[PDB]
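As stored in structure_2.cif (mmCIF, C-alpha atoms):
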```cif
data_data
#
loop_
_atom_site.group_PDB
_atom_site.id
_atom_site.type_symbol
_atom_site.label_atom_id
_atom_site.label_comp_id
_atom_site.auth_asym_id
_atom_site.auth_seq_id
_atom_site.Cartn_x
_atom_site.Cartn_y
_atom_site.Cartn_z
ATOM 1 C CA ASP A 1 17.855 -7.742 0.426
ATOM 2 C CA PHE A 2 16.181 -9.070 -2.721
ATOM 3 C CA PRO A 3 15.730 -7.411 -6.140
ATOM 4 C CA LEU A 4 12.511 -5.765 -7.320
ATOM 5 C CA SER A 5 10.204 -7.963 -9.400
ATOM 6 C CA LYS A 6 8.409 -6.824 -12.553
ATOM 7 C CA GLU A 7 4.717 -6.456 -13.394
ATOM 8 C CA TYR A 8 2.740 -9.622 -12.662
ATOM 9 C CA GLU A 9 5.395 -11.222 -10.456
ATOM 10 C CA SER A 10 5.655 -12.816 -7.012
ATOM 11 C CA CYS A 11 5.778 -10.377 -4.095
ATOM 12 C CA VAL A 12 6.175 -12.859 -1.238
ATOM 13 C CA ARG A 13 8.276 -10.857 1.220
ATOM 14 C CA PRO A 14 10.884 -9.907 1.655
ATOM 15 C CA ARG A 15 10.440 -9.750 -2.118
ATOM 16 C CA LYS A 16 8.974 -6.497 -3.440
ATOM 17 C CA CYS A 17 7.338 -5.146 -6.597
ATOM 18 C CA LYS A 18 8.877 -2.104 -8.284
ATOM 19 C CA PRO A 19 6.461 0.860 -8.442
ATOM 20 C CA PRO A 20 4.156 2.197 -9.336
ATOM 21 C CA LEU A 21 3.110 -1.458 -9.207
ATOM 22 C CA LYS A 22 1.603 -2.409 -5.845
ATOM 23 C CA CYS A 23 1.262 -5.710 -3.988
ATOM 24 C CA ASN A 24 -2.129 -7.112 -2.987
ATOM 25 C CA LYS A 25 -3.576 -10.141 -1.194
ATOM 26 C CA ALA A 26 -2.364 -12.147 -4.190
ATOM 27 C CA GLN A 27 1.187 -11.226 -3.186
ATOM 28 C CA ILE A 28 1.818 -10.146 -6.777
ATOM 29 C CA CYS A 29 2.706 -7.049 -8.796
ATOM 30 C CA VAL A 30 -0.341 -5.180 -10.099
ATOM 31 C CA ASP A 31 -0.658 -1.528 -11.110
ATOM 32 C CA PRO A 32 -2.913 0.621 -8.886
ATOM 33 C CA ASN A 33 -4.992 1.482 -11.953
ATOM 34 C CA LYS A 34 -5.457 -2.108 -13.125
ATOM 35 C CA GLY A 35 -8.860 -2.573 -11.516
ATOM 36 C CA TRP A 36 -8.150 -4.728 -8.474
#
```
Whole structure, structure tokens version:
Amino acid sequence: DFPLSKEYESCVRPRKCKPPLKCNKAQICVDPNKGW
């Protein structure tokens, strides 16, 4: 298992992005209320 990245960081699995940050098509960390 890999550690949780921070805001605006790679999310390429198995990598993950610590919440509430969510991963999108850009496989990156971006808050759900950022406007994406």
Skipping near chain neighbours, those fewer than 6 positions away, what residues fall within 8 Å of residue 9 (chain A) using all atoms listed in the file, listed as an MDAnalysis selection string? chainID A and resid 17 28:29
As an exercise, work out the distance from CA of residue 2 (chain A) to CA of residue 16 (chain A) in Å and give it to one decimal place. 7.7 Å
For CA of residue 3 (chain A) and CA of residue 30 (chain A), quote the distance in Å rounded to one decimal. 16.7 Å
Using the chain letters and numbers from this file, what does the PyMOL selection byres ((chain A and resi 21-26) around 9) select? Give the answer as an MDAnalysis selection string. chainID A and resid 6:8 10:11 16:20 27:32 36
May I have the centre and edge lengths, in Å to one decimal, of an axis-aligned box around the listed atoms of region 21-35 of chain A with 8 Å added to every side, as lines of an AutoDock Vina configuration file?
```
center_x = -2.9
center_y = -5.3
center_z = -7.2
size_x = 28.0
size_y = 29.6
size_z = 27.9
```
